[PDB]
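Below is one structure, written out as structure tokens; the observations come after it.
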Amino acid sequence: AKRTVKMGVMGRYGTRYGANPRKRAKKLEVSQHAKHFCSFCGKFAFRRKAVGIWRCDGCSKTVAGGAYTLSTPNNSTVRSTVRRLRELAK
Amino acid sequence: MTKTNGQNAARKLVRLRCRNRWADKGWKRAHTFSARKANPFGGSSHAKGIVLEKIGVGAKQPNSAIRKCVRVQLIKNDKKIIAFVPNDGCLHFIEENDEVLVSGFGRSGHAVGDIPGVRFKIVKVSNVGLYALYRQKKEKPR
Amino acid sequence: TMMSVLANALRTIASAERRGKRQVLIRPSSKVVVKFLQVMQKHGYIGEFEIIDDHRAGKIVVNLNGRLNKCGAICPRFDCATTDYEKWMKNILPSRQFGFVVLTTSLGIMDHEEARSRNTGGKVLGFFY
Amino acid sequence: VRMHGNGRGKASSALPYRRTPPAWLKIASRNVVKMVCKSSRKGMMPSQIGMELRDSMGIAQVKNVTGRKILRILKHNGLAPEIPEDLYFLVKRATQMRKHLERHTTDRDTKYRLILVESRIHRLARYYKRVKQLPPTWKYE
RNA sequence: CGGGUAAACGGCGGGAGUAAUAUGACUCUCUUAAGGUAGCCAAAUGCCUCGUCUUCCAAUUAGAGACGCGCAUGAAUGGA
RNA sequence: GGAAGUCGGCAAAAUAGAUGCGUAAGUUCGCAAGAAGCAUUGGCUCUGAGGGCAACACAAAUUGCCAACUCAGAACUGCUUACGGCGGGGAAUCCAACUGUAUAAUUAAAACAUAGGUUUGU
RNA sequence: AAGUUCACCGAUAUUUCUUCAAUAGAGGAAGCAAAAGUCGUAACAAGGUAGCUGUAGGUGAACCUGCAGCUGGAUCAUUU
RNA sequence: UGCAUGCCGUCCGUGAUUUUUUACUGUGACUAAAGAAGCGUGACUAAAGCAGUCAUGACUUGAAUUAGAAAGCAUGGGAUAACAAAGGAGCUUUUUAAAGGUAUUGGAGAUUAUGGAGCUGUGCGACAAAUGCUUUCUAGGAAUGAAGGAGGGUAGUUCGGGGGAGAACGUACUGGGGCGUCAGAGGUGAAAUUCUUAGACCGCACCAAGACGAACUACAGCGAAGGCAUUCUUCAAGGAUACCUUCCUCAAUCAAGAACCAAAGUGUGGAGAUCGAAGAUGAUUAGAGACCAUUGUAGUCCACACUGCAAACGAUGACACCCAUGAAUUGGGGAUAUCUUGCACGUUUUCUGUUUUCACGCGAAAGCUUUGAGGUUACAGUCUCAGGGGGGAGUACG
RNA sequence: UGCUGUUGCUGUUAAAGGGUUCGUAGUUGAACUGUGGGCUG
Ligand SMILES: [Mg+2]
Ligand SMILES: [Mg+2]
Ligand SMILES: [Mg+2]
Ligand SMILES: [Mg+2]
Ligand SMILES: [Mg+2]
Ligand SMILES: [Mg+2]
Ligand SMILES: [Mg+2]
Ligand SMILES: [Mg+2]
Ligand SMILES: [Mg+2]
Ligand SMILES: [Mg+2]
Ligand SMILES: [Mg+2]
Ligand SMILES: [Mg+2]
Ligand SMILES: [Mg+2]
Ligand SMILES: [Mg+2]
Ligand SMILES: [Mg+2]
Ligand SMILES: [Mg+2]
Ligand SMILES: [Mg+2]
Ligand SMILES: [Mg+2]
Ligand SMILES: [Mg+2]
Ligand SMILES: [Mg+2]
Ligand SMILES: [Mg+2]
Ligand SMILES: [Zn+2]
């Protein structure tokens, strides 16, 4: 059975700290504890150790970035921009 | 393009009629109970009561007159109503604390004529017909 | 989509008759449509007609002689006992002196006068006068 | 396309009344059957097999030359596709759209078209299960 | 000397008089940097004061709910 | 007899373990909640359930040996209600969101802190 | 025969919960029917700022203002 | 108490072998009175009643008959339909020879061979076969058709302000400096708030930032609706057309349930040029809180998450059939004059879309009209949503 | 009283088509197996 109607992980806080702060923190908490996709391996294997550090469960890879998710939206834009500018250079 | 027509479509037609009968104002009134509770008569044609006082009601425009009425408290449920007293004179026959028999005014609870908000009429006082006294075919008892 | 082939054909014939046309093309055809037309032909309400084969549901070309006033189908096909002929006659026929109600019975497709003589009931298909 | 959308087009082929070979076609029926099976082994689907025979091979309406239809011939020889041909193409279209939508999450027109295609798959799979052309638990993703 | 700034320190009257038994929608005047807005109240903030009405008791300077002529309520000096 | 005492229920009394049933308004949906409330419990003699390892053909679906405690049901029999230990409950107003800190030796709070909000310099 | 003890059927009383129907209340709102005092003129003519719909803010009062829409417009029409 | 006994089609019971209902319709059976219908009858008539009529009694007196929902019972008829099954490669007969392995013998109980019959493996005779073995290269040729219903395929690598992503252009509004000049500029019906010798307005070339994409632009195109307009690259779609490709009823329309949906509004991060709810300051005015002028906050723009309302309108639900004439126009295809050097154009047909000139007819009229608001008292193609005098009121309670 | 409409109502402007689609129960659903013949009046 479901055990909760919409509190999820934040059920550990009981009735403390207010509804909107709890709802805002829950979104980042779920992402921080999820398994993310490793493009080197081809499987869902990246876990966060400390803020900004992501380690693969099977292969020995460690990656930097994000603090609550593996990749931030600004970084993808930066990647495409860098690749296109380098394509112009070469 | 307004109704279904299939040979095995009786259930749809039955349900459609049942819901649309409620839109009939007359049909709904006879099949609900709100009107019966509202009616000072408990669904009867006549009722008896005690006269509280004599009042005059102004006729609605463009007519101009003072229509003679009384206010009555019914014996069956202690409700208070206003009843019109017809015919020339006929107010002297009615005294305070007299028992009267009240009837409808002919439009099934709707108001009648230029009398505002009056839907009842006096037909008997002290167990003697009011019209009989007016024609002098009987004498007021006691 | 098209639900009744017979209703489509009878509506087409009635319109062409109202517009004063001499020939009318009917598509698609079926066995029920052909039998209905033959009842009309026997009583002199239409002329000859031709059935064309095309390896599908065929087509019919009908010759009109101006004597038809209206033809139409009845949907759904209500059951009619031998005691219900009078009721149907008074409801959908202009008078009791002319016009026919067409039925399908166990003995075949026929008009109400023939059906009554043989003491059989059935289902109503249409009418003409 | 009338099941979904507002199209009312009427464009198709019209089969002839005379169902006899044109009498200049000297291919025997048994050669045509072997000719159909060879094209299947190459990897072509039955609808493409008919067009190859029609275009450069002189055979219009295989059914008129050999009394059988193309899918019936393949079924006899064990070369029929596992999933019916029209269902295979619809599933392939849905996969390509779903791959596109993960990169482009704001393409709301494509999301609308995906709902139409997925409804069509469920309607088509419902029919094939009833006529026993699919296992009773096929369950599209 | 000129500009800017109140989630800077702070301020938010001097007031009057008119109008449909009442009353004031209505009008006139005096006057400021500006003239208390949304809310809330005899409140841990009301002098008069044990204010006035309802409820709670046999009987309540106490309690609660209402009202507002608020000595001296009121918006990050944060209001509800 | 039951708060009449007193500024004031101060002090004292009172509730009480375990198991089954049952549980309101309000609400940030997590709670409120042990809400409130009703019932059972001893002793004795029995019964059932819950295990271990040893001996292409499908009731080794059976023979033997042995441990450790818990739960459930029944008959009979008894109370002077009887160690210790162990929440009293309900309806509302004011203040502070909450856990925390804090005048060693008269003040533990409504004070301080807090997460959250805003402004300034660079 | 009176009488003793146990099981079962079980009236009645009290207490607790559930449902249905009626009922008082300081104070606060709405509608209608009047009579006709008071203040203005939003609508109908381009009604004197074209009108109306949805939404947001303001305001003694009809209402005013911003954004998008409609003609039920005051135009069926002008680089052929 | 033998007193006795003799001088081919059917009937009935039981086993083996294999299959058609339901529904509609015609008869028939079984179905309390009273009540309704009605056969007879001069209770003086009638509402009634079932009685009475006529010459040691008769009328072998009378009191007839019918209809009553639906469901249940028997039977006969096969047109319109329903249910169930299937989804087409899970698809020979006969006649003789041989080998192997209960019932009658008097009845009752045991043991026993011989045979019947099926189970099979050998030869032989005769006749069929809906698909040619004297065959093809050794089970693989016997199946309604292909809907001017649905789905899918291939092609012009067709068509379009359809959708998403990324780079780059264009003037203009605002601002800023750089070069000049000097007395006002702005705004209005008329003015004033406002800017200006600390150089405004005006002029030239630039720089920054944010929006937007003029003229071409139309009773034109695309989209389910809301909506969509610079160029280039890129991703997945959509329609129409062409087809002697494939498939074979897979469909139409809807409670429940689901997705999208202008503007305004809400939350969290950006942005902030223009315009501008609230507010401020000038004017009009008896008053003016408005209309007008100068400003100005939220907003207007982007990303992610909500909201689900509009005169969300063609005030016209979806699918299908018939229907008068001439134009025009967008896309594709078929047949046979002009121009540039494959394109455009000319004439005539065709499929799809999109419009304009009181068609018959309809309507209270205004008006609608192949594109219906037509084909309806001569009233039946299919499904579905809503209404029942005006208010109270889309309000109260849940 | 065809002002409850199965027979038999209305829905451009009088009251009334849901903003647009998808979709399940439900309702509705194309054609085909099919002229018996011969002799008398
Ligand atoms: Mg106060
Ligand atoms: Mg006390
Ligand atoms: Mg108080
Ligand atoms: Mg006590
Ligand atoms: Mg005391
Ligand atoms: Mg005392
Ligand atoms: Mg104590
Ligand atoms: Mg308890
Ligand atoms: Mg605290
Ligand atoms: Mg604490
Ligand atoms: Mg101390
Ligand atoms: Mg202390
Ligand atoms: Mg503090
Ligand atoms: Mg006045
Ligand atoms: Mg105006
Ligand atoms: Mg087809
Ligand atoms: Mg400039
Ligand atoms: Mg300059
Ligand atoms: Mg917006
Ligand atoms: Mg002005
Ligand atoms: Mg401005
Ligand atoms: Zn890895």
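Note that these values count all heavy atoms, side chains included, but never hydrogens, waters or copies made by symmetry. Lettering of chains follows the sequences in order, A, B, ..., and the numbering in each one begins at 1.
Within 4.0 Å of D:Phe89, counting heavy atoms only, lie sugar-phosphate atoms of the nucleic acid but no base atom. Base contact: D:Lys132 has a heavy atom under 4.0 Å from a base atom. Within 4.0 Å (heavy atoms only), A:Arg16 reaches at least one base atom of the nucleic acid. Residue C:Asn119 is classed as a sugar-phosphate contact, given heavy-atom separations below 4.0 Å to backbone atoms only. No engagement by A:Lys23 is indicated, since no non-hydrogen atom pair under 4.0 Å with the nucleic acid exists. Among the protein residues, C:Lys21 comes within range of no part of the nucleic acid, since none of its heavy atoms lies under 4.0 Å from any strand.
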Please write out each protein N/O paired with an N/O of nucleotides 241-246 of chain H under 3.5 Å, distance rounded to 0.1 Å.
from   : atom 1 : to      : atom 2 : distance (Å)
H:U241 : OP1    : D:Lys10 : N      : 3.2
H:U241 : OP2    : D:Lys10 : N      : 3.3
H:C243 : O2'    : D:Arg54 : NH1    : 3.3
H:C244 : OP2    : D:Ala14 : N      : 3.1
H:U245 : OP1    : D:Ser13 : OG     : 3.0
H:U245 : OP2    : D:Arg54 : NH1    : 3.0
H:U245 : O5'    : D:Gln61 : OE1    : 3.2
H:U245 : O4'    : D:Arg54 : NH1    : 3.4
H:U245 : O2'    : D:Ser47 : O      : 2.8

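No stacking contact links strand neighbours G:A77 and G:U78 by the limits of base ring centres under 5.5 angstrom apart and planes under 30 degrees. Judged by ring-centre distance under 5.5 Å and interplanar angle under 30°, strand neighbours H:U135 and H:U136 are stacked.
Base-pair annotation: I:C22 with H:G257 meets the Watson-Crick or G-U wobble criterion (two N/O distances, each under 3.5 Å). Base pair annotation for H:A167 with H:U231: paired, by the Watson-Crick or G-U wobble rule (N1-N3 plus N6-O4 or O6-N4, or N1-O2 plus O6-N3, under 3.5 Å). A Watson-Crick or G-U wobble pair links H:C222 with H:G227, both defining distances under 3.5 Å. For H:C362 with H:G367, the Watson-Crick or G-U wobble criterion holds, each of the two distances under 3.5 Å.
Atom CZ of D:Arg126 is separated from atom CH2 of D:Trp138 by 12.5 Å, given to the nearest 0.5 angstrom.
Look at A:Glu29 and A:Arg22 and you find no salt bridge, because none of the NZ, NE, NH1 or NH2 atoms lies under 4.0 Å from a carboxylate O.
Contact between the side-chain N/O atoms of D:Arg93 and the OP1/OP2 oxygens of H:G238 is found at a separation under 4.0 Å.
Between the base of H:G381 and the side chain of C:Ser4 there is no donor-acceptor pair shorter than 3.5 Å.
Screening residues 13-43 of chain C for ring-ring contact (aromatic ring centres under 6.0 Å, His included) gives C:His43-C:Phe100 as the qualifying pairs, with residues at least two apart or on separate chains.
Atoms CZ (D:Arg120) and P (I:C22) sit 11 Å apart, rounded to a whole Å.
Both thresholds, 5.5 Å between centres and 30° between ring planes, are not jointly met by A:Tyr13 relative to the base of F:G30, so the two rings are not stacked.
Stem analysis of RNA chain F (Watson-Crick or G-U pairs, both distances under 3.5 Å, runs of at least three) returns F:17-21 with F:37-41, F:45-50 with F:69-74.
Rounded to whole Å, the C1' atom of H:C383 lies 4 Å from the corresponding atom of H:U253.
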